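Colleague: as a preliminary step, the opening chains of the complex are given here in situ:
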Amino acid sequence: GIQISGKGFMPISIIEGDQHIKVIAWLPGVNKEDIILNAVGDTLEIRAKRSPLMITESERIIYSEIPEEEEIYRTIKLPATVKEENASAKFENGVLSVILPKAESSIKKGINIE
Amino acid sequence: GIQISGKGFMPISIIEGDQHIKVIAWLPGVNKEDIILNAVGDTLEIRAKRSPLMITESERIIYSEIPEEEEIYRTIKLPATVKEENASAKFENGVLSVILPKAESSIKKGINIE
Amino acid sequence: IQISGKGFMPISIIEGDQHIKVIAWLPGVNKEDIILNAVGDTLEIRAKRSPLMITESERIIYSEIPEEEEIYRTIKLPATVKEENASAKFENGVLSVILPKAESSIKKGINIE
Amino acid sequence: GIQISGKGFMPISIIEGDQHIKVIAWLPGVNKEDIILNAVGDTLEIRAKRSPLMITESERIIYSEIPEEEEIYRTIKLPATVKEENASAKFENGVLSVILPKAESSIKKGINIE
Amino acid sequence: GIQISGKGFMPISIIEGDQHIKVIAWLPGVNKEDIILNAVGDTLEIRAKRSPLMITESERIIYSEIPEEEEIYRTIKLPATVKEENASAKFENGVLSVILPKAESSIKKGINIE
Amino acid sequence: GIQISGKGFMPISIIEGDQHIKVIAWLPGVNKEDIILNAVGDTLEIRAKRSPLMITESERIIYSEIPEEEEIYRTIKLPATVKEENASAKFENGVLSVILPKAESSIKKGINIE
Amino acid sequence: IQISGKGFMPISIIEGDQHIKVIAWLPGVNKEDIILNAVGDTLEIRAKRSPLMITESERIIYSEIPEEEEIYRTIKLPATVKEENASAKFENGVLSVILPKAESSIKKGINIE
């Protein structure tokens, strides 16, 4: 039970362990400082500014596969409530990766097969 | 992650801040005192009655783009739990605006990108 | 009986024997931002409505509300009118104009014998 | 430039002589005194009430091809301006007939084929 | 179990009481004397002549919603056998109304709910 | 309220008077004596046999719009019960005509429009 | 082998070695209301059939029977014929014409050796 929603290209992946959740996000062309990242309960929010390709007035864009929007964001409802305060994150090479330990109440417990 | 539902034409907008939600509602031709408004948890209700164009018996309606219903309403499920008791509201020029501070358990905490 | 112009603005048009009422929805517009003129059989309504103002902390996460700031309507009525005696009031987002008909446009009875 | 418009079943025909226009209108079930008829210039208006089939509480309508609306009307733009003040009209057998003499400015004059 | 059939515009309605049947018929533009009306058992027949709009040779029909046919008729099979001989009828304002008391064998009798 | 049914091409017409029914039937190429015809109540039957074009063995049919069947028949349910015993009939030029006086219980009585 | 004209009139066309028979349905027509001529390879049939006559007491409540009073057919045959020796009989609504073939149109044997 997960829902993404927001504006602008931003490919997400979601990885679930027994005791945590990893979220991965593509943000090519974004500055680490331009990225806000907050969470609580079962929701994670990612906000990003990417400034546009700056062209001198000599230059023209004669071809482009690259999205224009400068404001981009995603709100992600995850399969488990998490501990925001132990959440880590790094940002290398256009890729954001967030680690979100699960709250105890959301950690599943085994059932033996007899 | 939002749900609107009820009877009547009533264009809604929803604005999220870090610590509040604003809801805006179009209600042309309604009287401030004919509006009821309550909330709790993560749900807002707006009720309204707008009386119909009153024609003398000499006059006929020869053309109307204007909805007829006299009972109108909306129930709105917001993306955060709120503090009803600090909610304020205004009604100017056919437009209702409601401010609803977020409850502390719904306020999101930062994660640092190291 | 032709409407035409830019922007969301629900009109209704009422006819009496001696006048035309025109009603218009203009939620979110300020009385002083509305221009209103007329002559012969045509009525013009122009309005500006400024956009919902957001602090830089806030985002719009959902909107059914039109964005255009310039809105107008030209309305050709089923009778010539007297502009000079035309009245108008603006309550609660609703504009109502009253437009007495010109004498030349007032219909006279025929008897069914 | 013959434009009919209004509400209600009401079949009109329109007959043009050199010096007049005849409008014929079906209004079965209407009382002569419940009919308003006015004109000016090149427009004719016909307004009528027809009260509904009267049923005692014993009776039921088990079949009907007969329109139910009580308010019925028509505005008709003619192909010539007329002299309202000389217009006549009878109402026999559910049929209204209106005679509308043409204004002089609207009476066509001949061209000789030499 | 009712069947209309015949030629020409003639909107019928049918009303049923415990002890009778009313039939209503629109016949704008028809002369009372031009209408034959007979019945037996469970069938009613209505025959009508309406003569055409008569135009002088100056005049032209430049527009018409009004049916042309001069012979019009309807045969109506009703939900009950009736007493023709006690049948009444009046014709006002383009509308024929026929009253047709039910035969005794066709009058339903109540059933008590215990 | 009519039903035809049976085998073969046989164009039927039906004429109603106040006191009779006439039925007309096309039967090209049939012999008056090869026709059976009976009635009772409100049903007429027509039976007929038409022998086929007889070709010598030198001759071939190189084109035919003409039905082939030799047995042909029709059962016709009329809108009134009849007196069989006063029924007459004629057969001229491929056309059969039958006159069938109505029984007294099927003859319709007038209603006066007051 | 072309048919053409106005009105319901089922034709059949039979060929012998030495003649053409033409058959035609004309129910409700009077022998004397039928004109019949021919030449070379063409046959014409014209007929009038008067309408079903109704007293003013009677109504037609159902009809599968064509209404046209003028009916005709022009038929181009697969051989030239001798008009002058053409015969014809009219029984029971059915017209039958016999049309001997012209000599120039009679086919001669070829032997299969």
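Modeller: Perfect, thanks for sending it. Numbers count the residues shown, from 1 in each chain, chains lettered A, B, ... in the order given.

Colleague: which residues of chain A lie near chain G?
Modeller: Within reach of chain G by C-beta under 8 Å from any C-beta of the partner chain, chain A has no residues at all. Every residue, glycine included, has its C-beta placed from N, CA and C.

Colleague: can you tell me, leaving aside adjacent residues, what's nearest to the spatially most central residue of chain A?
Modeller: Nearest to the geometric centre of chain A sits residue A:25, at 4.3 Å (C-alpha atoms, centre = their mean). The spatial neighbour of residue A:25 that comes closest, neighbours along the chain excluded (C-beta to C-beta, 6 or more residues apart in numbering or on different chains), is residue A:96 at 4.2 Å.

Colleague: and that neighbour, its phi and psi?
Modeller: phi -90, psi 130 (degrees, to the nearest 10).

Colleague: related to what we said a few turns ago, give me the distance from the helix or strand that the residue nearest to the centre of chain A is a member of to the chain's centre.
Modeller: Assigned by DSSP states H and E, residue A:25 belongs to strand A:20-26. The chain centre lies 6 Å from the centre of strand A:20-26; the measure is C-alpha atoms, centre = their mean, to the nearest Å.

Colleague: buried stuff in it?
Modeller: For strand A:20-26, burial by neighbour count (16 or more other C-beta atoms under 10 Å in any protein chain shown) applies to A:20-21, A:23, A:25.

Colleague: sorry, back to before: list the contacts for the residue nearest to residue A:25?
Modeller: A:24-27, A:35, A:37, A:46, A:89-90, B:113 (C-beta atoms under 8 Å, 6 or more residues apart in numbering or on different chains).

Colleague: for the closest residue to residue A:75 other than its chain neighbours, name its beta-bridge partners.
Modeller: Take residue A:75 and drop its neighbours on the chain: the residue closest to it by C-beta to C-beta, 6+ apart is residue A:45, 5.1 Å away. For residue A:45, the beta-bridge partners under DSSP bridges are residue A:38, residue A:75.

Colleague: so residue A:45 sits right up against residue B:108, yeah?
Modeller: Yes: if you go by C-beta atoms under 8 Å, residue A:45 and residue B:108 touch, sitting 6.1 Å apart.

Colleague: okay, and the common contacts of the two?
Modeller: Common neighbours of residue A:45 and residue B:108 (C-beta under 8 Å, 6+ apart) are A:38-39.

Colleague: the following sequence is to be added as chain H:
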Amino acid sequence: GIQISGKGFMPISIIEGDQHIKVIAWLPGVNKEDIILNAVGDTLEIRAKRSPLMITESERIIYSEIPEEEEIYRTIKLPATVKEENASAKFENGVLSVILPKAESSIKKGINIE
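Modeller: Take a look at chain H, now in place beside the chains above:
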């Protein structure tokens, strides 16, 4: 030969024995005294009003699979003529049940297979 017809949701079932017809009818929400039930020959009529769900002005209908109409009725033509005067009926728990003994003339008599 089995025709239903009239206004309103009202699921009928029909049951034939050798010597009677049973009609069953769903009429949830209806009052025993609000039901009229009469019959003659081979027809049964059922009439019933059901008053609408009543709401205080605090309350709103937020959802509803339940038809709204208040006047509801059924005319039923049965496969047999019956004896009205011996017809009984019960109304328990939303369900009307009607027992209609067949008339003698309508009771089928056996044929032996030899």
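
Colleague: please re-evaluate the contacts of residue A:96 in the presence of chain H.
Modeller: A:24-27, A:35, A:37, A:46, A:89-90, B:113.

Colleague: for the residue nearest to the centre of chain A, what are its contacts?
Modeller: A:10-13, A:46, A:74, A:95-98.

Colleague: 6 Å instead, please
Modeller: A:10, A:12, A:46, A:96 (C-beta atoms under 6 Å, 6 or more residues apart in numbering or on different chains).

Colleague: of the residues you listed, just say which sits nearest to chain B.
Modeller: Within the contacts of residue A:25, the smallest distance to chain B is 7.3 Å, found for residue A:96 (C-beta to the nearest C-beta).

Colleague: quick one: that closest one from chain D, how far?
Modeller: Residue A:96 sits 63 Å away from chain D, going by C-beta to the nearest C-beta, to the nearest Å.

Colleague: same thing with residue A:102?
Modeller: Noted for residue A:102: a distance of 66 Å to chain D, by C-beta to the nearest C-beta.

Colleague: what sits closest to that residue if chain neighbours are left out?
Modeller: The spatially closest residue to residue A:102, leaving aside those adjacent along the chain, is residue A:80, at 4.9 Å (C-beta to C-beta, 6+ apart).

Colleague: quick check, the one you found in contact with residue A:104.
Modeller: No: using C-beta atoms under 6 Å, residue A:80 is not in contact with residue A:104, being 10.7 Å away.

Colleague: those two: who's more crowded?
Modeller: residue A:80 (19 against 9; other C-beta atoms under 10 Å in any protein chain shown).

Colleague: who touches the residue in chain A that chain C sits nearest to in this structure?
Modeller: Minimum separation of chain A from chain C (C-beta to the nearest C-beta) falls at residue A:73, amounting to 7.8 Å. Residues in contact with residue A:73 (C-beta under 6 Å, 6+ apart) are A:6-7, A:47.

Colleague: list only buried entries from the residues you listed.
Modeller: Looks like these have A:6, A:47 buried, using 16+ other C-beta under 10 Å.

Colleague: which of the contacts of residue A:73 lies closest to chain H?
Modeller: Distances from chain H to the contacts of residue A:73, taken by C-beta to the nearest C-beta, are shortest for residue A:6, at 30.1 Å.

Colleague: pretty sure that closest one is touching residue A:74, no?
Modeller: Yes: using C-beta under 6 Å, residue A:6 makes contact with residue A:74 at a distance of 4.4 Å.

Colleague: while you're at it, add chain I from this line:
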Amino acid sequence: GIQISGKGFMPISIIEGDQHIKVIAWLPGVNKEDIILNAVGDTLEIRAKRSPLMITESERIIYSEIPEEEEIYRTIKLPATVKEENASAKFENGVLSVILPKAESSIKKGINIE
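Modeller: Just below you will find chain I, in place on the chains above:
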């Protein structure tokens, strides 16, 4: 002139003579004693049970064109009223054949073509 209706596969044919109707019914795999057969007026009823193919628990049905229903029936409305009391019937080889003499009132009488 005919209506069949009921449950089950059971091909009927219907034969009309001057003085009787013959009904024929396919009923393969039914037992002569399992057949009930009654009639009155213009309606015949055939009822039949056929028991299912009997399999031992060793055996499986590996292919089957043969209907499964065990209750089968037809109610037939004929083109004439009949004399039930003089009706005979035979059951050979899966085929039921019923002979139903017409009642006098339903026998057609000749009309002479002069």
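
Colleague: take the contacts of residue A:96 again, chain I included.
Modeller: Contacts of residue A:96 by C-beta under 6 Å, 6+ apart are A:25, A:27.

Colleague: what's the answer for residue A:87, then?
Modeller: With C-beta under 6 Å, 6+ apart, residue A:87 has these contacts: A:100, B:111.

Colleague: residue A:47 against residue A:36, yeah?
Modeller: Yes: if you go by C-beta under 6 Å, residue A:47 and residue A:36 touch, sitting 4.2 Å apart.

Colleague: burial check on the residue lying closest to residue A:66 once chain neighbours are set aside, number of neighbours?
Modeller: Closest residue to residue A:66 in three dimensions, ignoring its sequence neighbours and counting by C-beta to C-beta, 6+ apart: residue A:53, at 7.3 Å. Residue A:53 has 11 neighbouring residues, counting by other C-beta under 10 Å.

Colleague: next: residue A:38.
Modeller: 17.

Colleague: ok, now how distant is it from chain I?
Modeller: 66 Å.

Colleague: pretty sure that residue is touching residue B:112, no?
Modeller: No: counting by C-beta under 6 Å, residue A:38 stays clear of residue B:112, with 10.6 Å between them.

Colleague: quick one, what contacts residue A:8?
Modeller: A:69, A:72.

Colleague: in chain A, which residue sits closest to chain E?
Modeller: residue A:1 (53.6 Å).

Colleague: and that residue, how many neighbours?
Modeller: A count of nearby residues for residue A:1, using other C-beta under 10 Å, gives 7.

Colleague: same question for residue A:42.
Modeller: Neighbour tally, residue A:42, other C-beta under 10 Å: 18.

Colleague: quick one: contacts for it?
Modeller: Counted by C-beta under 6 Å, 6+ apart, residue A:42 has contacts A:77-78, A:81.

Colleague: and the buried ones among these, selectable in ChimeraX?
Modeller: The buried residues among those can be selected in ChimeraX (16+ other C-beta under 10 Å) with this line:
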select /A:78,81
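
Colleague: these two touch, right, residue A:41 and residue A:83?
Modeller: No: the criterion here is C-beta under 6 Å, and residue A:41 misses it with residue A:83 at 10.3 Å.

Colleague: could you measure the nearest residue to residue A:51 once chain neighbours are set aside against chain G, distance?
Modeller: Excluding its sequence neighbours, the residue lying closest to residue A:51 (C-beta to C-beta, 6+ apart) is residue A:70, at 6.3 Å. Computed as C-beta to the nearest C-beta, the residue A:70 to chain G distance reads 79 Å.
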